[PDB]
Amino acid sequence: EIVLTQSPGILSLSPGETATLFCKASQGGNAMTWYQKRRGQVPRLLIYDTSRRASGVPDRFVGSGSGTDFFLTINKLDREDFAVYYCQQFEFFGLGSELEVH
Amino acid sequence: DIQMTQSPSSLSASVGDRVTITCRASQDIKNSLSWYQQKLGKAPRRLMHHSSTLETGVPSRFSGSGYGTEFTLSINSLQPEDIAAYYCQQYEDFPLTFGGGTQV
Amino acid sequence: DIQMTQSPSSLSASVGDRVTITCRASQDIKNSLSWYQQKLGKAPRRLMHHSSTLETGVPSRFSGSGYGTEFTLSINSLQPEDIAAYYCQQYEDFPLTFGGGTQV
Amino acid sequence: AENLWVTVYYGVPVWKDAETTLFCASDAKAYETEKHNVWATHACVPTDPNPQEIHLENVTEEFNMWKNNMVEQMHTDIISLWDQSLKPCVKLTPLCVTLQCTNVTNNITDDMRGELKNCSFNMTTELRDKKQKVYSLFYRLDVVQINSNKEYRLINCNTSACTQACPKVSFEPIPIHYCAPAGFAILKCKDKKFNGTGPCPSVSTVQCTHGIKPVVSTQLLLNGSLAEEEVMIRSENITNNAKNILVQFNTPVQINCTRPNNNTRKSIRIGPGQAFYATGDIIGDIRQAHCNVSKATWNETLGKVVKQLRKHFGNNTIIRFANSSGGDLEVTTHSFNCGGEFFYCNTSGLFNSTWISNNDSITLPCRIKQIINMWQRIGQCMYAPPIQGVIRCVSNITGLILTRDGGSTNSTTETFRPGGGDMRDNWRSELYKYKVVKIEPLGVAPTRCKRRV
Amino acid sequence: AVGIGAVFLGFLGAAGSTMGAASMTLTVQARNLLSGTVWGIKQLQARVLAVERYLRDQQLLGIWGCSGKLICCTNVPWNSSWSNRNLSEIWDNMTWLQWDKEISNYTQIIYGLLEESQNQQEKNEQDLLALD
Amino acid sequence: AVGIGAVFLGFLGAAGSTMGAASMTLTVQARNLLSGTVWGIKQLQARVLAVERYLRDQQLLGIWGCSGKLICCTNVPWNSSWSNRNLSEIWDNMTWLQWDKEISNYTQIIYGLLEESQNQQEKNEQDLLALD
Amino acid sequence: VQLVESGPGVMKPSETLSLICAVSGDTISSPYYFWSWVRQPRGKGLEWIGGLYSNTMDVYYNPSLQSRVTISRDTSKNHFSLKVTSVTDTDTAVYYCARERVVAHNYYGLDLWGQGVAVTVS
Amino acid sequence: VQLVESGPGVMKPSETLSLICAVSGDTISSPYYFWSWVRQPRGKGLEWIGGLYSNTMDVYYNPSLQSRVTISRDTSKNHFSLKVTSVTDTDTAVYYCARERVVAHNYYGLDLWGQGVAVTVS
Amino acid sequence: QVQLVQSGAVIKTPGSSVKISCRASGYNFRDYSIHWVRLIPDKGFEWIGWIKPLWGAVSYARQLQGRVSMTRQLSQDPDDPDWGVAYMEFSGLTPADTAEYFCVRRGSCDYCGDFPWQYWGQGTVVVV
Ligand SMILES: *[C@@H]1O[C@H](CO)[C@@H](O[C@@H]2O[C@H](CO)[C@@H](O[C@@H]3O[C@H](CO[C@H]4O[C@H](CO)[C@@H](O)[C@H](O)[C@@H]4O)[C@@H](O)[C@H](O[C@H]4O[C@H](CO)[C@@H](O)[C@H](O)[C@@H]4O[C@H]4O[C@H](CO)[C@@H](O)[C@H](O)[C@@H]4O)[C@@H]3O)[C@H](O)[C@H]2NC(C)=O)[C@H](O)[C@H]1NC(C)=O
Ligand SMILES: *[C@@H]1O[C@H](CO)[C@@H](O[C@@H]2O[C@H](CO)[C@@H](O[C@@H]3O[C@H](CO[C@H]4O[C@H](CO)[C@@H](O)[C@H](O)[C@@H]4O)[C@@H](O)[C@H](O[C@H]4O[C@H](CO)[C@@H](O)[C@H](O)[C@@H]4O)[C@@H]3O)[C@H](O)[C@H]2NC(C)=O)[C@H](O)[C@H]1NC(C)=O
Ligand SMILES: *[C@@H]1O[C@H](CO)[C@@H](O[C@@H]2O[C@H](CO)[C@@H](O[C@@H]3O[C@H](CO[C@H]4O[C@H](CO)[C@@H](O)[C@H](O)[C@@H]4O)[C@@H](O)[C@H](O[C@H]4O[C@H](CO)[C@@H](O)[C@H](O)[C@@H]4O)[C@@H]3O)[C@H](O)[C@H]2NC(C)=O)[C@H](O)[C@H]1NC(C)=O
Ligand SMILES: *[C@@H]1O[C@H](CO)[C@@H](O[C@@H]2O[C@H](CO)[C@@H](O[C@@H]3O[C@H](CO)[C@@H](O)[C@H](O[C@H]4O[C@H](CO)[C@@H](O)[C@H](O)[C@@H]4O)[C@@H]3O)[C@H](O)[C@H]2NC(C)=O)[C@H](O)[C@H]1NC(C)=O
Ligand SMILES: *[C@@H]1O[C@H](CO)[C@@H](O[C@@H]2O[C@H](CO)[C@@H](O[C@@H]3O[C@H](CO)[C@@H](O)[C@H](O[C@H]4O[C@H](CO)[C@@H](O)[C@H](O)[C@@H]4O)[C@@H]3O)[C@H](O)[C@H]2NC(C)=O)[C@H](O)[C@H]1NC(C)=O
Ligand SMILES: *[C@@H]1O[C@H](CO)[C@@H](O[C@@H]2O[C@H](CO)[C@@H](O[C@@H]3O[C@H](CO[C@H]4O[C@H](CO)[C@@H](O)[C@H](O)[C@@H]4O)[C@@H](O)[C@H](O)[C@@H]3O)[C@H](O)[C@H]2NC(C)=O)[C@H](O)[C@H]1NC(C)=O
Ligand SMILES: *[C@@H]1O[C@H](CO)[C@@H](O[C@@H]2O[C@H](CO)[C@@H](O[C@@H]3O[C@H](CO)[C@@H](O)[C@H](O)[C@@H]3O)[C@H](O)[C@H]2NC(C)=O)[C@H](O)[C@H]1NC(C)=O
Ligand SMILES: *[C@@H]1O[C@H](CO)[C@@H](O[C@@H]2O[C@H](CO)[C@@H](O[C@@H]3O[C@H](CO)[C@@H](O)[C@H](O)[C@@H]3O)[C@H](O)[C@H]2NC(C)=O)[C@H](O)[C@H]1NC(C)=O
Ligand SMILES: *[C@@H]1O[C@H](CO)[C@@H](O[C@@H]2O[C@H](CO)[C@@H](O)[C@H](O)[C@H]2NC(C)=O)[C@H](O)[C@H]1NC(C)=O
Ligand SMILES: *[C@@H]1O[C@H](CO)[C@@H](O[C@@H]2O[C@H](CO)[C@@H](O)[C@H](O)[C@H]2NC(C)=O)[C@H](O)[C@H]1NC(C)=O
Ligand SMILES: *[C@@H]1O[C@H](CO)[C@@H](O[C@@H]2O[C@H](CO)[C@@H](O)[C@H](O)[C@H]2NC(C)=O)[C@H](O)[C@H]1NC(C)=O
Ligand SMILES: *[C@@H]1O[C@H](CO)[C@@H](O[C@@H]2O[C@H](CO)[C@@H](O)[C@H](O)[C@H]2NC(C)=O)[C@H](O)[C@H]1NC(C)=O
Ligand SMILES: *[C@@H]1O[C@H](CO)[C@@H](O[C@@H]2O[C@H](CO)[C@@H](O)[C@H](O)[C@H]2NC(C)=O)[C@H](O)[C@H]1NC(C)=O
Ligand SMILES: *[C@@H]1O[C@H](CO)[C@@H](O[C@@H]2O[C@H](CO)[C@@H](O)[C@H](O)[C@H]2NC(C)=O)[C@H](O)[C@H]1NC(C)=O
Ligand SMILES: *[C@@H]1O[C@H](CO)[C@@H](O)[C@H](O)[C@H]1NC(C)=O
Ligand SMILES: *[C@@H]1O[C@H](CO)[C@@H](O)[C@H](O)[C@H]1NC(C)=O
Ligand SMILES: *[C@@H]1O[C@H](CO)[C@@H](O)[C@H](O)[C@H]1NC(C)=O
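Printed below as a string of structure tokens:
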């Protein structure tokens, strides 16, 4: 199986800014997918197939990267997005990247 | 393709003056230049279209004249906001090309 | 249409000899002749294509050389089965045309 | 001079990748017995014989079979002429009557569940005011118990009343030669080692494709075109456990499958000219229909597919095979057609071995359905009529369809289970070698030449 | 040459050759652009798509410098920014498939220069045969 | 000119201008003459009506003095009884819409006159390239 | 009515510069309005990229930069987009989308502009 | 693999000369093989009639005899047929069908030949 | 709109068996491969299973073969081919499986692969 690792894990930052998550698959070339989940609710999708967001999500969320290295960029951190963030290919998932009010 | 050349380049005059800036083309256009005024870090505010009739919202202190190829801008009462860029631009054939650049 | 001419016509040599037979074209072909050997009442067994490299099943006792228009076959070691017909044939443009005919 | 000048050149051969319709062809041999005894005889034209196969030079063309076109429109085309071979046959809406049904007169043992139900019912006659009591034999996958007394109904009748096949029309596939309309071209890759995508370095343009026979199968795609020398798997991509790993091998496995229950056709007239067909009497000795494969070819071909399946996973990998895992009936079996009859044969006894990294016949039982529900639409059933005689046919197993299970956390056994699912992957092994292109002429290129004024 | 020593003149037959070899066999891609229930609607829309593509290319050819001429020169010079190649490397080494990727970004400017060159030359022929 | 001071080059874009203005933008009416259940029968008969009209006009153009030339002169002089106008009032005042009404009664004599002029000039070129 | 552009500017060379210009207050489907993209690096002059009309199909560029740039326009989001592939260091500039009158068919337009956005390529 | 020709030849002038050549062992639908009909009367030279390729449509002849001769080819019987209409006395000859390699696409062919049949016309 | 409805949270006994429905409506059911997933307390994710519903062919992860099954039921009427019902029969419970379960769908996006699951359901916790 292919094991994931995310870069910040726990993070506690400031609003209004940009943040780049980075995930690191163990074999490359993958279809990379991004997820934002609030606590105790439905997780909905952010980014399918490493680059392109869904319908009806804000355009401040961009996913980038290639090979074995994948960035998740958020610019202008608004008040809504204090959640947890996951990244996945197919049948595994990340540990969970959390962005916190400080 | 038509080149444009704008003279003079770098200017600094006193208040209440009358400055003239001419520009010349590479082939005959005879009716077709527009004048644009661009302040620092801002969008260019158009002086006029068709070199002899003005735009609303701009007073009568600016003028343009000439016929054929050589055309001429004249500012008769200089105000202190005139230290900016100006550009004459052709619209004879595609592509549109601006002037060189007026540092007054 | 391209005519071909094969010189000489008729031979009868002794054993172990080296016979040379040339042929000429009407316009320049520069890479393109094939050599065919036809025994009496039989299908023509091809010597070679492209005048300088051979077919499998045929030994090194035959050769062809030349470049351009005039080309030349040489047999260095004559065997007693060589009393037959031979033909050079062009493949430059349609139609293909053979040689005249070698009575060795 | 140094100022070169453009010339437009017309009819440069270049191509681009495109999407278009295609166009049929068939042999002359299909028209000898004529006028819709098989389908597509009024649909599309005879071929030119000897497909003009022109190999090219020094061209690398990027093929792809998984984002490919032309395999979608075969899946629409077969369904469309299936509907065109079922429009003028007789609707069977007066059949759905309450049945009075019993066992067939057989020595019943408690373990074997009986496959024949002998039902008799009311049915209308040619005159609308007289009605007849008639009797028929049915298979237990086509009849349900409605709620001492045992009254039964046909299984389709709370979905849609549905259509008898005409016994004029046959079911064996003739080949279809797919062919290109004017202004497109069909390119064929001809490498041996070719696993689906990327540059193929030897291409050939063709006029029409080769012989493709549309034969429906769920597992075990049969009468298919073999490889060149080795055994090759192909995949969309392997590590995804949703897309079907499909394997194609070189030497066939000969498979003999038969029904031995000798059947009698009986015609009942429904009304005016609606000749309904049913099973009459079963003579001989009542058995279960079954498929046979030889042991040694199965053991050696399974050795070859585990040899070429170990290359993608490391060499210290224990590979076993289980049978199919669940779902409804037309994915657990392999389901196949033979001479006008449908078979659904339980393939537990083929896919059950492990392998380590260091006369003889297998039989397998098989059930017979009669209402089929082909391509899983709502308001459609094709009723097959039954055929005389002991039915037997031989065929060639070529290619298998395998999906993995999600084998996780470090342990190096990886199960494989056959289960076909989608209908397209019995064609995408048949058509992995072509793509369509659009010729775009009028290249533009410089030379040292200027037009006189 | 031809026959047994031939780079093959077939349909699309020399498509990987050098452009000097594909400068001869040029009608072989032209003449295979014409020929070729619910099924007849699909067949007829295939054939009218074929002749609509062929008519659009004949009309796009004709309003430039050549009506049907099949090899056609014109009067706009060649720019260095389109290719920056020599003549010998594209007539002695390169293929048409690779050429069409080298100049794919430089399309829809050459057709505009062709249209202006032909329209100004047609009005030059109009005024030249007017004044005499 | 173009752009912000343009009498507009669009489709049918200058149809009320004077004919000196509409003598330039002439390909813009040519190239929009090709492009474009029971409904597909109506759609296909629209497209084959379009290409049959375009083929009849290309064939009617071609047997006169020009194959596809788009601006085409010939060899019959212009009669006074068709227009009785000067050149300057039709090239400097009149529109093409009004011009088509002014020569509406004088159609189907000019086309037969072009046919005789082109057929006699083709046989003149035939004998003139025969006798040498 | 104001024209809002969007697009961050910090990127790497030979890449995907993309700029969006959109209208607030009115619509892009109004007839006869010249749309223009014009760039300007600071220290250098006013450079012309692209210009079209609001109500046709035929689109125009500068030929000296034409393999790098392309334009797009759609009214389902009212977007007016500039695309640059293979960006050099000579495109670090402020950028202006502009709506200009055509003067023979429109005496009653408003000569609208964007504010100009700054794109910096290292 | 051997090529068998058929057709008796004892006929009258200005008539239907018909010759069949066929393959045994292999097939005529194999790609890239030059087919040829070449005749030879005894005392005279080796005369070229017809030659084509295995996998195209365009066919070729000698223009000096082209109104007399035509060729045919079909794979449903694997037949390679020569037709001559309007014969003279200059067709009393042995006739050869021939399969030759095209040497740019085939290093692995077998340069096959028929044995040739003798046709005598009185 | 596309809607997935689950059933309510069930507290159970050890060794028992649970049945969780997942009823789907709002789209064309037979395109989209449905998946089933778990979320434990503080373990992150792990994936259970997947089902194509055109014939109901299933597969699982490695630690759940032979204690779980998923079936489906299509719509049997010629007016509404929209709605589908998936059943998860889950047997052989243990205190490790104390979790919430979500049934989930690959959405109708243009740059979808397969496994980007877009539409999720509102979820059911079960505690044994
Ligand atoms: C993979 O590929 C293999 C190879 O083709 C294929 O096996 C073939 O299956 C078909 C089943 O459709 C077999 O075709 C039938 O064969 C029998 C016997 O044919 C032999 O005997 C005759 C002499 O009678 C020889 O001429 C022949 O060459 C064979 O040696 C025929 O009797 C069948 O014809 C009847 O059925 C057709 C369909 O209804 C009718 O169109 C036909 O007219 C015949 O009708 C007869 O029966 C009717 C009712 O029984 C009756 O009403 C009629 O009046 C008439 O009596 C048919 O030709 C074929 O033989 C198999 N091939 C081999 C080598 O055995 C596999 O099927 C294929 N795999 C899959 C999955 O499709
Ligand atoms: C696909 O094909 C495979 C094989 O080709 C089938 O697999 C076998 O299926 C059978 C059931 O159909 C499995 O079960 C065996 O059935 C025996 C039948 O006995 C019946 O009758 C007696 C008396 O009437 C009853 O007591 C009994 O319960 C049955 O009703 C059982 O007796 C067998 O029992 C075994 O275990 C008991 C103790 O546990 C012993 O006493 C027995 O001696 C015997 O060892 C047995 O259960 C059989 O196991 C399957 N084979 C394999 C290898 O698993 C598939 O069913 C078939 N699938 C489909 C969908 O077609
Ligand atoms: C499915 O279920 C149906 C019921 O709907 C069964 O059909 C009946 O089956 C029985 C068993 O064969 C039939 O009964 C037999 O009838 C024979 C002929 O009778 C017919 O002809 C006479 C006139 O001569 C009529 O009066 C009569 O009503 C019938 O129409 C008899 O000859 C049989 O007698 C047997 O015993 C004597 C004893 O001396 C022997 O000498 C005889 O040779 C014979 O063996 C017997 O009575 C009945 O006719 C069937 N009904 C119909 C309508 O066909 C099907 O059998 C069942 N399906 C299967 C496959 O079994
Ligand atoms: C199905 O699964 C396989 C693997 O899960 C996957 O195939 C992969 O495709 C990519 C490109 O198509 C391959 O990536 C290459 O790998 C090297 C490793 O050093 C890298 O340099 C490159 O990867 C990146 O580079 C591209 C530009 O060149 C980027 O645009 C892109 O984002 C890549 O991330 C190079 O392309 C990769 O090796 C294969 N994998 C294997 C095992 O061959 C395929 O894409 C999957 N399909 C789906 C739909 O999931
Ligand atoms: C893709 O394939 C085509 C088809 O083969 C290929 O075209 C031909 O390639 C061959 C070799 O690949 C060329 O043959 C040689 O070319 C060199 C330089 O081009 C010449 O010097 C050679 O002349 C020799 O041979 C003469 C007679 O044998 C001698 O007299 C002379 O002294 C030389 O030693 C020889 O011609 C061939 O020329 C081309 N064909 C054409 C029309 O150019 C093509 O090159 C391949 N493309 C790629 C990119 O690989
Ligand atoms: C058209 O008719 C067909 C047959 O007449 C119908 O097909 C049948 O559909 C049922 C479902 O409706 C399938 O399942 C059966 O359902 C009952 C009820 O299940 C109960 O028991 C379980 C046990 O724990 C419980 O958990 C549930 O909540 C229910 O309370 C079972 O008792 C049966 O054993 C069986 O499982 C049938 O399999 C299916 N039969 C066939 C032959 O397809 C079809 O639904 C009808 N369509 C319509 C629209 O009415
Ligand atoms: C075929 O059609 C006939 C004609 O309708 C059917 O016969 C009839 O069946 C009904 C059952 O619904 C019989 O009714 C029952 O009769 C018994 C006495 O025999 C009575 O005690 C019950 O309360 C009930 O009413 C009816 O009598 C019978 N018709 C006649 C004239 O006897 C028949 O069922 C159909 N099927 C078959 C297989 O024949
Ligand atoms: C794939 O292979 C496995 C391994 O044998 C099959 O599992 C076995 O299937 C049979 C049939 O269901 C089970 O037999 C039992 O029969 C009684 C008789 O009615 C029934 O009441 C029971 O509920 C059960 O069906 C057998 O126990 C089972 N073995 C195991 C370990 O589960 C499997 O069925 C095969 N798949 C298919 C589709 O055949
Ligand atoms: C007639 O068929 C019925 C079923 O249609 C048989 O009845 C039962 O079948 C099951 C098999 O699933 C057995 O387990 C039961 O024991 C059967 N019940 C009885 C009372 O036999 C039945 O065996 C068949 N035969 C007869 C004579 O009724
Ligand atoms: C299919 O096989 C081909 C070659 O057989 C693979 O293509 C290249 O294979 C070499 C050999 O390991 C690698 O070094 C290259 O990186 C591969 N290139 C590419 C673009 O993949 C190909 O990867 C195989 N594809 C699949 C899906 O199995
Ligand atoms: C299958 O059934 C058919 C008919 O039910 C049997 O055909 C009979 O064969 C004998 C052989 O001489 C003929 O005399 C009869 O005329 C045939 N019956 C009919 C109705 O024509 C056939 O024998 C059976 N096959 C097997 C293997 O049992
Ligand atoms: C499938 O059936 C065919 C014939 O129906 C079998 O082929 C025969 O095999 C035996 C065993 O060697 C030979 O003696 C016969 O001569 C063969 N006959 C023919 C016509 O081929 C074949 O063996 C069967 N398949 C299996 C796996 O047993
Ligand atoms: C499926 O596999 C099982 C074991 O994995 C096989 O069952 C064994 O078969 C051998 C061969 O006779 C016996 O010696 C064992 O006693 C069997 N064990 C059990 C538990 O049954 C089974 O034979 C395989 N199925 C088929 C059809 O071969
Ligand atoms: C099924 O497999 C057999 C071999 O197992 C195939 O038989 C060979 O087919 C080729 C092609 O016609 C013949 O040249 C061989 O002579 C055949 N072998 C024998 C022993 O006759 C057969 O073609 C395959 N396909 C079908 C449809 O039966
Ligand atoms: C190439 O084109 C540009 C503008 O299109 C022009 O400035 C330049 O001089 C041209 N160069 C040549 C060599 O034609
Ligand atoms: C041509 O354009 C493509 C994208 O359209 C670009 O990637 C490529 O670099 C360009 N070609 C050259 C030679 O720069
Ligand atoms: C006009 O036409 C008539 C007959 O068509 C002729 O008699 C007359 O001379 C012509 N006049 C001129 C000026 O062409």
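Protein chains in written order, with the authors' numbering: chain O, 1 to 102; chain L, 1 to 104; chain S, 1 to 104; chain K, 31 to 141, 150 to 185, 187 to 309, 312 to 321, 321A, 322 to 398, 411 to 505; chain Q, 512 to 547, 569 to 664; chain A, 512 to 547, 569 to 664; chain H, 2 to 31, 31A to 31B, 32 to 52, 52A, 53 to 82, 82A to 82C, 83 to 100, 100A to 100E, 101 to 112; chain R, 2 to 31, 31A to 31B, 32 to 52, 52A, 53 to 82, 82A to 82C, 83 to 100, 100A to 100E, 101 to 112; chain P, 1 to 52, 52A, 53 to 76, 76A to 76G, 77 to 82, 82A to 82C, 83 to 100, 100A to 100F, 101 to 111. Beta carbons are placed, not taken as given, at the ideal position from N, Cα and C, and that holds for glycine.
Chain-order list of chain H residues neighbouring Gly521 of chain A: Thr54, by C-beta distance under 7 Å. Per the C-alpha coordinates, the member of S:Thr53, S:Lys42, S:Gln38 and S:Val58 positioned closest to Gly66 of chain S is S:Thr53. Closer than 8 Å to the CB of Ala525 of chain Q there is not a single CB belonging to chain S. If you ignore the 5 residues before and after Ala13 of chain L, its C-beta comes within less than 8 Å of the C-beta of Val19, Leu78 and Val104, all in its own chain and listed in chain order. Judged by DSSP secondary structure, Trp631 of chain Q falls within the alpha helix (DSSP H) whose first and last residues are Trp628 to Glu634. Contact between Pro14 of chain R and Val111 of chain R is confirmed by a C-beta separation of about 6 Å, below the 8 Å threshold.
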